[PDB]
Amino acid sequence: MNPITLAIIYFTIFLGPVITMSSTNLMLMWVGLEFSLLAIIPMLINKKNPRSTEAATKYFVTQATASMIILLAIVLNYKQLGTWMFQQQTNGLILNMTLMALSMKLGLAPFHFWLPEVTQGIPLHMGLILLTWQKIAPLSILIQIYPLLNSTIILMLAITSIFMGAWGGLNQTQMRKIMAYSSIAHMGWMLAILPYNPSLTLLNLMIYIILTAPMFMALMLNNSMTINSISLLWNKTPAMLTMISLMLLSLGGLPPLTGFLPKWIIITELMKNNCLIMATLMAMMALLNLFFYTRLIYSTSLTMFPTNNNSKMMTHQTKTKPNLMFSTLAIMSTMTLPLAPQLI
Amino acid sequence: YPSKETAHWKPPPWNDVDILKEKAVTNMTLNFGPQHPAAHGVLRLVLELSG
Amino acid sequence: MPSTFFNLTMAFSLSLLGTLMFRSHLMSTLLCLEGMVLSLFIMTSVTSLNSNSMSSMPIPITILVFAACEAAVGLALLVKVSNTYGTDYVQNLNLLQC
Amino acid sequence: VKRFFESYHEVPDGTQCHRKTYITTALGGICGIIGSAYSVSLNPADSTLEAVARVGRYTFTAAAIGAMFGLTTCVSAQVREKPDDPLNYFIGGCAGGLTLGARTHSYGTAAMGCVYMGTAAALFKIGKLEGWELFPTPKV
Amino acid sequence: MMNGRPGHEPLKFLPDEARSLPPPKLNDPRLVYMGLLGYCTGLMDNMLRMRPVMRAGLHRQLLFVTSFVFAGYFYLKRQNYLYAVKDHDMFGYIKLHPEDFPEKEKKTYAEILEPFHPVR
Amino acid sequence: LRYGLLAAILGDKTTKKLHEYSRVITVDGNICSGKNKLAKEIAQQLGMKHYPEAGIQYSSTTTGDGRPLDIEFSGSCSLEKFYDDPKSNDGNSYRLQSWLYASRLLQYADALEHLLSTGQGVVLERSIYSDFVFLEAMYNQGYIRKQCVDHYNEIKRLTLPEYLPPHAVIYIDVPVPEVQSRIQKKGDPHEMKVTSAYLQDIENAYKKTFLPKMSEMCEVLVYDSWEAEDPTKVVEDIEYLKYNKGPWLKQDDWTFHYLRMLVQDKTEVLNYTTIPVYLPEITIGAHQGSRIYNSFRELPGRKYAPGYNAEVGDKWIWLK
Amino acid sequence: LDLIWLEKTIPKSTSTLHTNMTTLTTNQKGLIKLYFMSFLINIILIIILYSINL
Amino acid sequence: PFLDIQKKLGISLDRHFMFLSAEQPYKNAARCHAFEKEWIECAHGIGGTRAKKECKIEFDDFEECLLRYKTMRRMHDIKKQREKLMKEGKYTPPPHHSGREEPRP
Amino acid sequence: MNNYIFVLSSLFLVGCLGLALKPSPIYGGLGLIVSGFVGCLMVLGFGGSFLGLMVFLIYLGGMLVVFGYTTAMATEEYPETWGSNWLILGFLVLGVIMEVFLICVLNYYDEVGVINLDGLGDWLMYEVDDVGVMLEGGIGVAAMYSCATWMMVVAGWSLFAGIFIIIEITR
Ligand SMILES: Nc1ncnc2c1ncn2[C@@H]1O[C@H](COP(=O)(O)OP(=O)(O)OP(=O)(O)O)[C@@H](O)[C@H]1O
């Protein structure tokens, strides 16, 4: 690509969600979602291979139908009330159709079958964007209408996302799919609590971003896309094992790391409203979500694997890849539990 | 975990570039035939077209 | 008005059912998206003209704009699919599972 | 109709064995139809007849689960008169698991489903008895 | 949930109401913890780029520490203002609706009778 | 400053540097044909810089002290041992072959980095586009098994398309008895004990595979020994070439930018050589690999980045 | 008990259950047709749930 | 919204054509302007849960001005009864309903 | 001339149905053109001229490119029109039958509120301003240049960036 094209496309990606936030009109929110859709595709398809073409096609076709369903909901609301804002006393069918379309946009189960494929079929960057910057505005729509939502199917979609993300990421050798299933489970955790104190949704979102972005950078630093490729890290970049370990053990919520904070306070604010046993199920399947992280950091850190003879050139040569924000994002994660009242 | 269905799943490449069965360049074959006025009455002129 | 709005809603539902239920081809799916766009346009415009809300009349034009942009990029990806596989069919996009 | 499945609780266990029975059987058949839809859409068969056979197998299986569950529950409430006792639901869940192991020829699945369904059904009765609310409304 | 609070100015970091709150000490334990976070961040950035630790980037480490503390001070001032707003609204609400929070007074252990459960 | 999009916009483009002899040129042939003598004189006459052939010790010479390292750091292979024992169970053969492929890859990368940055043309010999010759020689004999050839061809499939071919190749041929005579007159006991079948397989692989498929993209200049001598004739033939029929015609400033950024990072270059295809002849095991890594980081000049080493003499390390 | 049955009941039953559900769950074929059919099933079930609950 | 930038800057990019009773191009009232105005002025200062029960009369009036169901049902009942009478031989319409009147102006 | 709008709506429904059955993009785009013409006609029936004419123009311009592409990419040796499949023909006929039957049903389950066949043509226009000027559509759409100058900016940027997006996808 050329600089003017990159400026245009990245500015459009920045303005998609930024339009979706600073917009009372739901039509302009839809416009922002379409901006994100339209501008992400040139970078999913920048390498021009069959995997990239398939990923971009699946993304486009899955997101356009959800956009059209959200537009159906908006048009029905305008017909009902003569207003471009979801008031109260709308129709539950409208609100549920909106919620299902947004679930298809995010990747929540049972609308999840497209995210691992697409994340596999693209570079390490544009998986980061796809999993972090594209989850925000769809979440903004829900955040703005959290009292209107059905507490039933919001939780069914959550629970299904947790179960399917854990059971998907359990058996994936490819890391681009493990991060996608992690995204699915974390979005389940968010959307479970979204009708209850929606600030915790944004908390879990920021935690998830601050974990995943360093992880995708770690995979970038040697173009790692497989367990057997991240296992050859004690020979190439052996100073990253510590942070990778602590961040994976944060993603799988464990106490002293800040990745247990979202699950903990989410279970708290659910137990305040008698969502006891659903919270128990989610907390218990988060362990199955943690199992493959444990296996992963075994494979790379604790039982260092066989290496190759050609990996010694890598030892001779030098690197410049860590961007000075890897350390910051990995250290604000894994170490910011005592600041939890300053987070909530 | 090899199921009965996933036994045939060969792993992917490393650069995310698959080796494909290269399709044939099956161009369109036209008869710029003798009846054609640009032809002088008696010219067949088979030709292959990519459009 | 209520009758034609019901019928437009059912038409959108049919186009949605279509674009969900795939066949071998893809451009048929894109055409179902175009039909959904058309039905939503008509519903919005009919509402604006019924309620005499001229301030909302800029909304269907924006719908058409962004929808034809969607069709444009879908058609670009269609070009790419053809260049790769040569046959436009959807059942060939089955190598990401591995 | 939601009233038809809420009528499971208008009279206690040990009463109206047939009503509860094919209520639960209809419920199991519904869930089996859902499972068949997901198993035919994803992972289809080599032919529509094979697909319909799959659907019937799943559906009548789940119907057998529900039938034996409801029968065993209202029986073990009729016998040993104790409707407010989740052990009846446990025994019924074990009968369900054993039927799952019959239709799917495996003793491991039989005992697995027995334990799991029994604990689940006992927890269900404890919820119905103590006032637990899955899918609660936001109150704080 | 307090975004609909009256007088809530939008996208305002520190309202003048927060200026009546006592600020941190600047010796606060979580602020020096953030300084420790910044120090460890500099050390990790050195370890990742194959540089000497505790010896290489003494301007980078100082910069990290300053950034962390200089952000944590104001973020903590904001969070204290927010918790104060919470408590203020809560006390005002119990003052407004006393009937829902009745002035309860409890009995002594002489008048009430809790059951005895022998261990044996 | 490090090069990037910012410097490109600021105006350190590539097409503003190429004039006429901004050309990659590779001199190929069999074991003893006069490629060093030819390439050095070509570089003298045209203004290019001669890159010698990329043996085992290239990553050692282009890094650090510029000295050779112990045989366990810059590989674990030996060419002498390959000659005096080629069918060893210890897979010295393919270890050597893959190490030399990687070294030729890094050679080509540094060559392009000099070309695309300075515009100066670059001379080479026996590049990555002709390193399979010795592999097919090994495989026609029993020196390696087929799985190693699959590994080699996979890594070539991953690495080769990302780089541009040479504008021209200069293949000088000698009959097999003549190269064997020049070897026996060269004075090396390890090269003397080589079969004529190895050299004939080399010649056949060259003339059958390397010449045509590179003639589809380059200007072949097949010469013989008595034309390998008199190198001024080769230079005079080079100067009056019409450098057509290549992918270099469809390269603008931004193709050059992304290639030059791919080449700026040597780990981005060598990533597809470190792949986890677990061959017994390439694997090293955790204990040996850790021992080697610690001994390597326990060397002078190593253990940290280049400028950050007070054990050498670097200074201002506490303000970098 | 120790080596076979307490291993069969508590840990290995869990392992078999979760890996079996993993297999029958994630063994998909990357076809948009099947995924979108499933999405249709989900839409249908949710509008049915709404129609019943109300 | 989520990021109330427009209030932070005072601008109104899109929050001046949210509802019907908002500044049509030439001052032509959208129908139910009065009802929507009344509902919006009753539901101000209040937020949501309380306006959903303290301004329900006005919302009902607006919902009946816009979707206009009770008038449909009323005229349907009238026409049904009229058809019944005319089929029973009881009712005949007057001159100014079969198309024979003295037009007013 | 009161069932005009119900006729047009039902024809739009049938067009979108035959569209959803997904024959070749030729006949599919023909259905699109028919349905867009019908949509233009009903929008006119509700008092809207410019919006309908623009629907027809834009969809014609799109379906032209769709023909061009489907002759290049989405073509078979046997394009499989509607009648080629007894199954698709049966689904089409069943859809029309279910249209008729469901409309007859909704004409019974409720007196009025969903579908009103006895009262039809009485509820189309809803408080016209019998004296008026500068009242048509076109004024509202021209408010994109005044009182709605955000829609114009955002759509213009959409198209501008779409150009670059298309160039890069096709590159
Ligand atoms: N890829 C390779 N595989 C196996 N052996 C190689 C490879 N590359 C070089 N060698 C060995 O290294 C030696 C290189 O000799 P080379 O052909 O470079 O001679 P030269 O330096 O060009 O001078 P002259 O051609 O005059 O001998 C040969 O003996 C050859 O066997």
# chains A, B, ... in the order shown; residues from 1 in each chain; ligands from 1
call {"tool": "interface_residues", "arguments": {"of": "chain B", "to": "chain G", "cutoff": "12 Å", "atoms": "only C-alpha atoms", "output": "VMD selection string"}}
result
chain B and resid 1 to 9
call {"tool": "residues_near_ligand", "arguments": {"ligand": "ligand 1", "cutoff": "10 Å", "atoms": "only C-alpha atoms and all ligand atoms", "output": "ChimeraX atom specification"}}
result
/F:27-39,52-56,78-80,82-83,93-104,125-128,130-138,172,179,182-183,186,188,190-192,194,198-199
call {"tool": "atom_distance", "arguments": {"atom1": "CA of residue 85 in chain I", "atom2": "CA of residue 32 in chain I"}}
result
20.4 Å
call {"tool": "atom_distance", "arguments": {"atom1": "CA of residue 142 in chain A", "atom2": "CA of residue 42 in chain A"}}
result
27.6 Å
call {"tool": "residues_around", "arguments": {"residues": "residue 33 in chain C", "least_positions_apart": "2", "cutoff": "8 Å", "atoms": "only C-alpha atoms", "output": "PDB file with N, CA, C and O atoms, in the first residue's frame"}}
result
ATOM      1  N   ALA A  64     -22.583  -7.828   7.046  1.00  0.00           N
ATOM      2  CA  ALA A  64     -23.597  -7.089   6.304  1.00  0.00           C
ATOM      3  C   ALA A  64     -25.006  -7.490   6.726  1.00  0.00           C
ATOM      4  O   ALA A  64     -25.894  -6.636   6.833  1.00  0.00           O
ATOM      5  N   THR A  65     -25.231  -8.782   6.966  1.00  0.00           N
ATOM      6  CA  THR A  65     -26.551  -9.227   7.397  1.00  0.00           C
ATOM      7  C   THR A  65     -26.899  -8.654   8.764  1.00  0.00           C
ATOM      8  O   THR A  65     -28.038  -8.233   9.003  1.00  0.00           O
ATOM      9  N   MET A  68     -27.854  -5.096   8.349  1.00  0.00           N
ATOM     10  CA  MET A  68     -29.208  -4.968   7.830  1.00  0.00           C
ATOM     11  C   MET A  68     -30.251  -5.262   8.899  1.00  0.00           C
ATOM     12  O   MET A  68     -31.319  -4.643   8.905  1.00  0.00           O
TER      13      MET A  68
ATOM     14  N   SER C  15     -35.950 -11.927   2.044  1.00  0.00           N
ATOM     15  CA  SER C  15     -34.594 -11.676   1.561  1.00  0.00           C
ATOM     16  C   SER C  15     -33.554 -12.110   2.588  1.00  0.00           C
ATOM     17  O   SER C  15     -32.481 -12.613   2.228  1.00  0.00           O
ATOM     18  N   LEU C  16     -33.858 -11.930   3.874  1.00  0.00           N
ATOM     19  CA  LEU C  16     -32.953 -12.367   4.930  1.00  0.00           C
ATOM     20  C   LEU C  16     -32.839 -13.884   4.953  1.00  0.00           C
ATOM     21  O   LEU C  16     -31.739 -14.439   5.058  1.00  0.00           O
ATOM     22  N   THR C  19     -30.553 -14.814   1.888  1.00  0.00           N
ATOM     23  CA  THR C  19     -29.125 -14.604   2.129  1.00  0.00           C
ATOM     24  C   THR C  19     -28.570 -15.498   3.230  1.00  0.00           C
ATOM     25  O   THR C  19     -27.360 -15.748   3.252  1.00  0.00           O
ATOM     26  N   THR C  29     -26.530 -14.094  -3.140  1.00  0.00           N
ATOM     27  CA  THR C  29     -26.551 -13.602  -1.767  1.00  0.00           C
ATOM     28  C   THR C  29     -26.426 -12.083  -1.735  1.00  0.00           C
ATOM     29  O   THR C  29     -27.139 -11.403  -0.982  1.00  0.00           O
ATOM     30  N   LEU C  30     -25.521 -11.536  -2.549  1.00  0.00           N
ATOM     31  CA  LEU C  30     -25.375 -10.082  -2.611  1.00  0.00           C
ATOM     32  C   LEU C  30     -26.659  -9.421  -3.101  1.00  0.00           C
ATOM     33  O   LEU C  30     -27.034  -8.335  -2.641  1.00  0.00           O
ATOM     34  N   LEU C  31     -27.356 -10.075  -4.025  1.00  0.00           N
ATOM     35  CA  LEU C  31     -28.626  -9.552  -4.505  1.00  0.00           C
ATOM     36  C   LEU C  31     -29.684  -9.592  -3.412  1.00  0.00           C
ATOM     37  O   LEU C  31     -30.543  -8.706  -3.337  1.00  0.00           O
ATOM     38  N   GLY C  35     -31.885  -6.541  -1.951  1.00  0.00           N
ATOM     39  CA  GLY C  35     -33.325  -6.541  -1.748  1.00  0.00           C
ATOM     40  C   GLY C  35     -33.708  -6.120  -0.345  1.00  0.00           C
ATOM     41  O   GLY C  35     -34.691  -5.395  -0.144  1.00  0.00           O
ATOM     42  N   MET C  36     -32.947  -6.582   0.648  1.00  0.00           N
ATOM     43  CA  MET C  36     -33.124  -6.101   2.013  1.00  0.00           C
ATOM     44  C   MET C  36     -32.977  -4.584   2.079  1.00  0.00           C
ATOM     45  O   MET C  36     -33.783  -3.892   2.720  1.00  0.00           O
ATOM     46  N   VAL C  37     -31.946  -4.055   1.416  1.00  0.00           N
ATOM     47  CA  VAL C  37     -31.731  -2.610   1.373  1.00  0.00           C
ATOM     48  C   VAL C  37     -32.948  -1.911   0.788  1.00  0.00           C
ATOM     49  O   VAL C  37     -33.401  -0.880   1.298  1.00  0.00           O
TER      50      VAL C  37
END
call {"tool": "closest_residue", "arguments": {"among": "C:49, C:74, C:94, C:34", "to": "residue 18 in chain C", "atoms": "only C-alpha atoms"}}
result
C:34
call {"tool": "interface_residues", "arguments": {"of": "chain A", "to": "chain G", "cutoff": "7 Å", "atoms": "only C-alpha atoms", "output": "PyMOL selection string"}}
result
chain A and resi 111+113+167-168
call {"tool": "write_last_selection", "arguments": {"atoms": "N, CA and C atoms", "output": "PDB file, in the first residue's frame"}}
result
ATOM      1  N   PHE A 111     -23.316 -17.537  17.437  1.00  0.00           N
ATOM      2  CA  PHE A 111     -22.948 -16.758  16.256  1.00  0.00           C
ATOM      3  C   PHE A 111     -21.441 -16.583  16.145  1.00  0.00           C
ATOM      4  N   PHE A 113     -19.083 -18.984  14.756  1.00  0.00           N
ATOM      5  CA  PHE A 113     -18.368 -19.892  13.871  1.00  0.00           C
ATOM      6  C   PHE A 113     -17.486 -19.184  12.847  1.00  0.00           C
ATOM      7  N   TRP A 167     -14.296 -24.904  25.005  1.00  0.00           N
ATOM      8  CA  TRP A 167     -14.192 -26.155  24.266  1.00  0.00           C
ATOM      9  C   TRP A 167     -13.599 -25.985  22.875  1.00  0.00           C
ATOM     10  N   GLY A 168     -13.550 -24.772  22.339  1.00  0.00           N
ATOM     11  CA  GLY A 168     -12.895 -24.551  21.071  1.00  0.00           C
ATOM     12  C   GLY A 168     -11.411 -24.378  21.263  1.00  0.00           C
TER      13      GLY A 168
END
call {"tool": "residues_around", "arguments": {"residues": "range 68-82 of chain E", "least_positions_apart": "3", "cutoff": "7 Å", "atoms": "only C-alpha atoms", "output": "PyMOL selection string"}}
result
(chain A and resi 342) or (chain E and resi 13-14+18+21+23+31+34-35+38+64-65+85-86)
call {"tool": "write_last_selection", "arguments": {"atoms": "N, CA and C atoms", "output": "mmCIF file, in the first residue's frame"}}
result
data_model
loop_
_atom_site.group_PDB
_atom_site.id
_atom_site.type_symbol
_atom_site.label_atom_id
_atom_site.label_comp_id
_atom_site.auth_asym_id
_atom_site.auth_seq_id
_atom_site.Cartn_x
_atom_site.Cartn_y
_atom_site.Cartn_z
ATOM 1 N N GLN A 342 -9.434 1.607 42.336
ATOM 2 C CA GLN A 342 -9.218 2.662 41.360
ATOM 3 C C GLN A 342 -9.574 2.232 39.942
ATOM 4 N N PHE E 13 -12.919 15.877 33.579
ATOM 5 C CA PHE E 13 -12.050 15.053 34.410
ATOM 6 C C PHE E 13 -12.213 15.388 35.888
ATOM 7 N N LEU E 14 -11.980 16.648 36.250
ATOM 8 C CA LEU E 14 -11.975 17.097 37.642
ATOM 9 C C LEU E 14 -12.872 18.319 37.774
ATOM 10 N N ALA E 18 -14.481 18.584 43.081
ATOM 11 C CA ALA E 18 -13.357 17.773 43.525
ATOM 12 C C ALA E 18 -12.274 18.597 44.204
ATOM 13 N N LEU E 21 -12.108 18.206 47.933
ATOM 14 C CA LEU E 21 -11.594 16.973 48.499
ATOM 15 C C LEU E 21 -10.134 17.162 48.916
ATOM 16 N N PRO E 23 -6.431 16.259 48.697
ATOM 17 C CA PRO E 23 -5.715 15.494 47.693
ATOM 18 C C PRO E 23 -4.848 14.434 48.343
ATOM 19 N N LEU E 31 0.705 5.196 44.920
ATOM 20 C CA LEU E 31 1.492 6.004 43.994
ATOM 21 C C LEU E 31 2.927 5.502 43.903
ATOM 22 N N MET E 34 2.804 2.555 41.819
ATOM 23 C CA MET E 34 2.825 2.878 40.395
ATOM 24 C C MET E 34 4.230 3.250 39.939
ATOM 25 N N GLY E 35 4.987 3.930 40.796
ATOM 26 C CA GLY E 35 6.387 4.171 40.487
ATOM 27 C C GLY E 35 7.174 2.883 40.351
ATOM 28 N N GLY E 38 6.401 1.451 37.042
ATOM 29 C CA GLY E 38 7.170 2.096 35.990
ATOM 30 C C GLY E 38 8.617 1.645 35.967
ATOM 31 N N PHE E 64 9.605 6.788 32.805
ATOM 32 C CA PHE E 64 8.525 5.863 33.127
ATOM 33 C C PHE E 64 7.960 6.144 34.511
ATOM 34 N N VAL E 65 8.842 6.291 35.501
ATOM 35 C CA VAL E 65 8.405 6.572 36.867
ATOM 36 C C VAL E 65 7.588 7.857 36.911
ATOM 37 N N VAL E 85 -18.720 11.246 45.571
ATOM 38 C CA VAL E 85 -20.021 11.491 44.956
ATOM 39 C C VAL E 85 -20.988 10.367 45.301
ATOM 40 N N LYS E 86 -20.513 9.120 45.237
ATOM 41 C CA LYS E 86 -21.315 7.972 45.654
ATOM 42 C C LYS E 86 -21.849 8.152 47.067
#
call {"tool": "interface_residues", "arguments": {"of": "chain I", "to": "chain B", "cutoff": "12 Å", "atoms": "only C-alpha atoms", "output": "JSON, numbers by chain"}}
result
{"I": [68, 71, 72]}
call {"tool": "atom_distance", "arguments": {"atom1": "CA of residue 24 in chain H", "atom2": "CA of residue 135 in chain I"}}
result
10.3 Å
call {"tool": "closest_atom_pairs", "arguments": {"of": "chain A", "to": "chain H", "cutoff": "8 Å", "atoms": "only C-alpha atoms", "output": "tab-separated table"}}
result
residue	atom	partner	partner_atom	distance
A:21	CA	H:2	CA	5.3
A:22	CA	H:3	CA	5.4
A:23	CA	H:14	CA	6.8
A:24	CA	H:1	CA	6.0
A:25	CA	H:18	CA	6.5
A:80	CA	H:67	CA	7.0
A:81	CA	H:63	CA	7.2
A:82	CA	H:19	CA	5.9
A:83	CA	H:19	CA	4.4
A:84	CA	H:18	CA	5.5
A:85	CA	H:18	CA	7.2
A:88	CA	H:48	CA	7.0
A:89	CA	H:52	CA	7.6
A:140	CA	H:2	CA	6.6
A:143	CA	H:2	CA	7.7
A:144	CA	H:1	CA	6.3
call {"tool": "residues_around", "arguments": {"residues": "range 1-10 of chain G", "least_positions_apart": "5", "cutoff": "12 Å", "atoms": "only C-alpha atoms", "output": "count of residues only"}}
result
8
call {"tool": "interface_residues", "arguments": {"of": "chain A", "to": "chain I", "cutoff": "9 Å", "atoms": "only C-alpha atoms", "output": "list in words"}}
result
residues 1, 5, 8, 9, 12, 28, 31, 35, 38, 39, 41, 42, 43, 45, 46 and 48 of chain A
call {"tool": "interface_residues", "arguments": {"of": "chain I", "to": "chain C", "cutoff": "6 Å", "atoms": "only C-alpha atoms", "output": "compact mmCIF listing (two decimals) with N, CA and C atoms, in the first residue's frame"}}
result
# COMPACT_ATOMS: atom_id res chain seq x y z
N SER I 9 -47.65 -3.71 -3.06
CA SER I 9 -46.91 -4.34 -1.97
C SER I 9 -46.78 -5.84 -2.18
N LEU I 13 -43.50 -8.17 -2.67
CA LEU I 13 -43.28 -9.38 -1.89
C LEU I 13 -42.92 -10.55 -2.79
N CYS I 16 -39.35 -10.10 -4.21
CA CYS I 16 -38.33 -10.46 -3.23
C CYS I 16 -38.34 -11.96 -2.94
N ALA I 20 -35.22 -14.36 -3.38
CA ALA I 20 -34.70 -15.19 -2.30
C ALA I 20 -34.54 -16.64 -2.72
N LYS I 22 -33.13 -17.43 -5.33
CA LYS I 22 -31.79 -17.37 -5.89
C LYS I 22 -31.64 -18.19 -7.17
N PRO I 25 -28.09 -14.84 -11.42
CA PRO I 25 -28.17 -13.39 -11.18
C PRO I 25 -28.83 -12.60 -12.30
N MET I 73 -18.19 -13.88 -14.03
CA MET I 73 -17.84 -14.68 -12.87
C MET I 73 -18.95 -15.63 -12.45
N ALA I 74 -20.16 -15.12 -12.27
CA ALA I 74 -21.29 -15.93 -11.81
C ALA I 74 -22.15 -16.39 -12.99
N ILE I 115 -53.82 -6.41 9.23
CA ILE I 115 -54.24 -6.36 7.83
C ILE I 115 -55.73 -6.09 7.80
N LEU I 124 -54.03 5.86 3.94
CA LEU I 124 -52.82 6.00 3.14
C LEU I 124 -52.03 7.26 3.47
N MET I 125 -52.68 8.42 3.54
CA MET I 125 -51.99 9.70 3.50
C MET I 125 -51.94 10.43 4.83
N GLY I 140 -36.52 18.09 1.95
CA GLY I 140 -35.87 17.33 3.00
C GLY I 140 -34.55 16.74 2.56
N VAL I 141 -34.51 16.22 1.33
CA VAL I 141 -33.27 15.62 0.85
C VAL I 141 -32.23 16.69 0.58
call {"tool": "residues_around", "arguments": {"residues": "residue 73 in chain D", "least_positions_apart": "5", "cutoff": "10 Å", "atoms": "only C-alpha atoms", "output": "MDAnalysis selection string"}}
result
chainID D and resid 13:14 17 20:21 67:68 78:79 83 86:93 95 121
call {"tool": "interface_residues", "arguments": {"of": "chain F", "to": "chain A", "cutoff": "8 Å", "atoms": "only C-alpha atoms", "output": "PyMOL selection string"}}
result
chain F and resi 5+59-60+63+73-76+95+98-99+102+254+265-268+270-271+273-276+278+282-286+289-290+293+305
call {"tool": "interface_residues", "arguments": {"of": "chain A", "to": "chain D", "cutoff": "12 Å", "atoms": "only C-alpha atoms", "output": "ChimeraX atom specification"}}
result
/A:110,113,146-159,192-198,268-281
call {"tool": "closest_atom_pairs", "arguments": {"of": "chain C", "to": "chain B", "cutoff": "9 Å", "atoms": "only C-alpha atoms", "output": "tab-separated table"}}
result
residue	atom	partner	partner_atom	distance
C:84	CA	B:23	CA	8.6
C:85	CA	B:23	CA	7.3
C:86	CA	B:23	CA	7.0
C:95	CA	B:12	CA	8.4
C:96	CA	B:12	CA	8.4
C:97	CA	B:9	CA	8.4
C:98	CA	B:11	CA	5.7
call {"tool": "residues_around", "arguments": {"residues": "residue 18 in chain F", "least_positions_apart": "3", "cutoff": "12 Å", "atoms": "only C-alpha atoms", "output": "number ranges by chain"}}
result
F: 13-15, 21-24, 114-121, 248, 252-253, 256
